[PDB]
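Chemist: Before anything else, here's the structure in question.
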Amino acid sequence: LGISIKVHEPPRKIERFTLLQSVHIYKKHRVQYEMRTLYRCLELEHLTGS
Amino acid sequence: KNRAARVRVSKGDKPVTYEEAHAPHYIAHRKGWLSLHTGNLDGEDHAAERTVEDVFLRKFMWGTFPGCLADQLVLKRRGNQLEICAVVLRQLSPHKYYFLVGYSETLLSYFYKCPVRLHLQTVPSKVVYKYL
Amino acid sequence: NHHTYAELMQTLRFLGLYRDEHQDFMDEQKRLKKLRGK
Amino acid sequence: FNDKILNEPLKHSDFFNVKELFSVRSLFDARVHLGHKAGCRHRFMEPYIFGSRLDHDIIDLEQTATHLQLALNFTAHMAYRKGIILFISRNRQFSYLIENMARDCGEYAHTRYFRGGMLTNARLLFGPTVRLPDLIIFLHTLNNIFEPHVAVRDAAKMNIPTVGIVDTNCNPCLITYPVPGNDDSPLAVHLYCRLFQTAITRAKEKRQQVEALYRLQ
Amino acid sequence: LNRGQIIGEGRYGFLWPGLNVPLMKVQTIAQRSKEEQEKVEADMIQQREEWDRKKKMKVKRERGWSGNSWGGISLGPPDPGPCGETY
RNA sequence: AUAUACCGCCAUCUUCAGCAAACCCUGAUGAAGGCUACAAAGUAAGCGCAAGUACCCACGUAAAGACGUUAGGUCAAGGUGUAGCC
Ligand SMILES: [Mg+2]
Ligand SMILES: [Mg+2]
Ligand SMILES: [Mg+2]
Ligand SMILES: [Mg+2]
Ligand SMILES: [Mg+2]
Ligand SMILES: [Zn+2]
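Protein chains in written order, with the authors' numbering: chain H6, 102 to 151; chain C6, 36 to 167; chain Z6, 54 to 91; chain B6, 58 to 274; chain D6, 126 to 150, 154 to 215.
Shown next, in the form of structure tokens:
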């Protein structure tokens, strides 16, 4: 559609959190989980409403 | 020893699929997630109520496709469109199979309040990645 | 709501469209407790 | 039906005329008759020994040569009847020579380390459909430490006949066709590979002319 | 131990058109009688006692030199080679 | 009530490298054992370590760590055997 376009990649925010490993005791043993959630910008420029 | 999602080696005669042969430190390293939705990205809400529906649909269909479900399902989610994909064994008659598509499609359409579409796949035997 | 989720699955065993293994595990085990118990 | 050319060369006596590739004189001049010390003789080289000279055991070359009309004849028949012939030694001083002689003829060599269970455990070491050798020819019946080979037992466990060079210290017992002769001498086994090579390739070309004669008649 | 049950039957007696009936020849739901599912319930439970007794069967095992003593009990002939050679 | 019936999730040696099905050999066909590359009977799938990935690299740190031991911890996360109350 001849649309003037650029792309850039915003830096990612990886929001890791921790949890206990056994069901009972042992706070010296954790397992930690993460979300890698990534980004993308689709910076279009100067296009009509239709 | 940590026993979170492994099956344990016993002999040479125990077959196992690709997924449950893989330990949970391979979740995005060697596996895919079994269900796709827009919940855990930040900051998005509706990550919370969906997964207590996500756990029903693989506890619903474990019972309504009984004895024939090959491995776990794939519960894709496209806007207001819940896309269940499933590979199922070739053991039942197909007249039964076509019954519980439209049974479960319009009973899961009228529970989630969305449309739901099923895509079955037929394999003759359970696909085994490891003779452990 | 946990009635909405758990009573619909009660009737869908009653009409037999959903065959669950946990409550099968009771009503066969409860069969073999009432033979002696109770 | 192809049993006309199998049941002639069992009735004929020295059918390949193998009594021309040696006598005692060819065996003397390549030092077959020398054996080791009387210190390390075996018990069962005792018939095959002429005597000791200043304690050096001397091997009966008459009792050698009455074996080799009979030992080279049998390994001719094994080449005639298309059976698998395995050459083994562990000499390390003729180990080039044995394998090179297996290419000069059309049969087999194995002169390297013996993997445990080569004949008694063949079916898992290889595929399940393997034709194991039908005669084994030894050129050193001893091993690189001086005890008899692994494949003198596993030949007899697998019920394979075996012609073997036995020298004054070797064990003649489980191997069916002993050849009481030298094996440590570089002139001796150049001779021994010369008679064993030529006695099978003559025996091969006997097998070629007979079936062709049967192909025409 | 799932063996007895068929995928359409529940003890509210509903004969669905796709399950539990011969295929389409009925395409109408059919709530049964109180007696016919009562007989199916005793068609069910009389079927379960048979595979209960067929579990509880005393096989006339042969007996080598005394019973519960793996003495001169036989086995079968040896299994063949992987390329023929029956025994 | 019983973690001494368990599943589930773990601790721990483990800041290890071994466990091993299926064969074969030695043992006079005894429990058993099986090593020497100038190689003397072992071969091997499978699991683990290793590799590879993640983080900022090959480094390091995580993550990983089989078989088993301590009848280790938990019926009170949730299921659930057996007994027990209604
Ligand atoms: Mg740990
Ligand atoms: Mg008795
Ligand atoms: Mg760690
Ligand atoms: Mg590693
Ligand atoms: Mg305790
Ligand atoms: Zn010698």
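Built from N, CA and C at the ideal position, the CB exists for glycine as well.
What I want to know is whether the C-beta of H130 (chain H6) ends up closer than 7 Å to one or more non-hydrogen atoms of ligand 1.
Modeler: Yes, the beta carbon of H130 (chain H6) sits closer than 7 Å to at least one heavy atom of ligand 1.
Chemist: Are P66 (chain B6) and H124 (chain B6) touching if we call contact CB-CB under 8 Å?
Modeler: It is not a contact, given that the beta carbons lie outside the stated cut-off.
Chemist: Under 8 Å: do the segment 173-185 of chain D6 and the segment 67-78 of chain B6 share three or more Cβ pairs, one atom per stretch?
Modeler: With a cut-off of 8 Å, the segment 67-78 of chain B6 and the segment 173-185 of chain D6 do not count as touching, because too few Cβ pairs lie within range.
Chemist: Anything in chain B6 within Cβ reach of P210 (chain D6), meaning under 8 Å, just list it in chain order.
Modeler: Ordered by position in chain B6, the residues that pass the 8 Å Cβ test against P210 (chain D6) are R180, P185.
Chemist: Beta carbon of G192 (chain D6): closer than 7 Å to some heavy atom of ligand 2?
Modeler: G192 (chain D6): no, Cβ never under 7 Å from ligand 2.
Chemist: Would the beta-carbon of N226 (chain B6) fall within 8 Å of that of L252 (chain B6)?
Modeler: No, these two residues do not count as a Cβ contact at 8 Å.
Chemist: Between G199 (chain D6) and ligand 2, is there a pair consisting of the residue's CB and a ligand heavy atom that are separated by less than 7 Å?
Modeler: No, since every heavy atom of ligand 2 falls outside the 7 Å radius drawn around the Cβ of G199 (chain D6).
Chemist: Could you work out which residues of chain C6 lie near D73 (chain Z6), taking near to mean beta carbons separated by less than 9 Å?
Modeler: Result: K94, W97, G98, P101.
Chemist: Using a Cβ-Cβ cut-off of less than 9 Å, give me the residues of the segment 193-209 of chain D6 that come near chain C6, in sequence order.
Modeler: Hits within the stretch: zero.
Chemist: Using CA coordinates, which residue listed in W198 (chain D6), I201 (chain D6), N127 (chain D6), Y137 (chain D6) is at the minimum distance from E166 (chain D6)?
Modeler: For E166 (chain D6), the nearest C-alpha among the options comes from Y137 (chain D6).
Chemist: Check the DSSP bridge columns for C142 (chain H6) and list the partner residues they point to.
Modeler: According to DSSP, which records beta bridges pairwise, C142 (chain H6) is partnered with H109 (chain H6).
Chemist: Answer yes if the segment 77-96 of chain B6 comes into contact with the segment 184-204 of chain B6, meaning at least three C-beta pairs across the two stretches below 8 Å, and no otherwise.
Modeler: At 8 Å Cβ cutoff, the stretches do not touch.
Chemist: At what residues does the alpha helix (DSSP H) containing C250 (chain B6) begin and finish?
Modeler: It spans 243-273 - the alpha helix (DSSP H) in which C250 (chain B6) sits, taken as one unbroken run.
Chemist: So which residues on chain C6 does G129 (chain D6) lean against when the C-beta distance must stay under 9 Å?
Modeler: Under the 9 Å cutoff, chain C6 gives no residues; its nearest Cβ is about 13 Å from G129 (chain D6).
Chemist: Quick one: is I132 (chain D6) near chain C6, going by C-beta distance under 8 Å?
Modeler: Yes, contact with chain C6.
Chemist: Any heavy atom of ligand 2 closer than 7 Å to the CB of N145 (chain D6)?
Modeler: Incorrect: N145 (chain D6) has no Cβ contact closer than 7 Å to ligand 2.
Chemist: Give the C-beta separation of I119 (chain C6) and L92 (chain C6) to the nearest angstrom, bearing in mind that I take them to be a contact with Cβ-Cβ under 8 Å.
Modeler: Indeed, because the Cβ distance is near 7 Å, the residues count as touching under 8 Å.
Chemist: Taking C103 (chain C6) as the reference, give the member of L85 (chain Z6), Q82 (chain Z6), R72 (chain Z6) with the closest Cα.
Modeler: It is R72 (chain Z6).
Chemist: Compute the distance between the beta-carbons of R125 (chain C6) and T157 (chain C6), then report whether it is under 8 Å.
Modeler: Taking 8 Å as the Cβ cut-off, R125 (chain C6) and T157 (chain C6) qualify as a contacting pair.
Chemist: In terms of alpha-carbon separation, which member of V223 (chain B6), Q126 (chain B6), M175 (chain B6), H247 (chain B6) lies closest to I116 (chain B6)?
Modeler: With distances taken between Cα atoms, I116 (chain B6) lies closest to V223 (chain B6).
Chemist: Check the Cβ-Cβ distances between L70 (chain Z6) and every residue of chain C6, and say whether any is below 8 Å.
Modeler: Yes, contact with chain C6.
Chemist: Comparing alpha-carbon positions, which option in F146 (chain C6), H154 (chain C6), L167 (chain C6), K148 (chain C6) lies nearest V136 (chain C6)?
Modeler: Among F146 (chain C6), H154 (chain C6), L167 (chain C6), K148 (chain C6), the Cα nearest to that of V136 (chain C6) is on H154 (chain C6).
Chemist: Spell out whether any CB of chain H6 is found under 8 Å from the CB atom of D80 (chain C6).
Modeler: So, not an interface residue.
Chemist: Going by beta-carbon coordinates alone, are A128 (chain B6) and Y234 (chain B6) separated by less than 8 Å?
Modeler: For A128 (chain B6) and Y234 (chain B6), yes; Cβs fall inside 8 Å.
Chemist: Measuring straight from C-alpha to C-alpha, what distance separates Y58 (chain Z6) and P150 (chain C6)?
Modeler: Cα-Cα distance, rounded: 19 Å.
Chemist: Say the cut is 7 Å; is the CB of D112 (chain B6) nearer than that to a heavy atom of ligand 6?
Modeler: No, Cβ of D112 (chain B6) sits at least 7 Å from all heavy atoms of ligand 6.
Chemist: What's the C-alpha gap between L192 (chain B6) and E119 (chain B6)?
Modeler: If I take the Cα positions, the gap works out to 25 Å.
Chemist: In chain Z6, what lies closer than 7 Å to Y137 (chain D6) by C-beta?
Modeler: Near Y137 (chain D6) (Cβ distances below 7 Å), the residues of chain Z6 are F67, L68.
Chemist: Just the Cα atoms here: how many angstroms apart are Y132 (chain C6) and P190 (chain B6)?
Modeler: Distance between the alpha carbons of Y132 (chain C6) and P190 (chain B6) is about 59 Å.
Chemist: Can you tell which of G199 (chain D6), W198 (chain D6), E213 (chain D6) has the C-alpha that lies nearest to the C-alpha of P205 (chain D6)?
Modeler: Measuring from the Cα of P205 (chain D6), the nearest candidate turns out to be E213 (chain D6).
Chemist: Which residues in the same chain as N228 (chain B6) place their Cβ atom closer than 8 Å to its Cβ, once the five residues preceding and following it in sequence are excluded?
Modeler: Only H99, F101, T198, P205, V209 meet the Cβ criterion.
Chemist: Per DSSP, what are the beta-bridge partners of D114 (chain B6) in this structure?
Modeler: Per DSSP, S109 (chain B6).
Chemist: Looking at chain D6, which residues of the segment 109-136 of chain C6 have a Cβ within less than 7 Å of any of its Cβ atoms?
Modeler: Under the 7 Å Cβ criterion, the segment 109-136 of chain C6 contributes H130, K131, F134.
Chemist: For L148 (chain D6), go through chain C6 and note every residue whose CB falls closer than 7 Å to its CB, in chain order.
Modeler: Going along chain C6 in sequence order, the residues near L148 (chain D6) (Cβ under 7 Å) are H130.
Chemist: Assuming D211 (chain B6) and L244 (chain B6) form a contact by the criterion Cβ under 8 Å, report the distance between their Cβ atoms to the nearest whole angstrom.
Modeler: So it is not a contact: roughly 31 Å between Cβ atoms.
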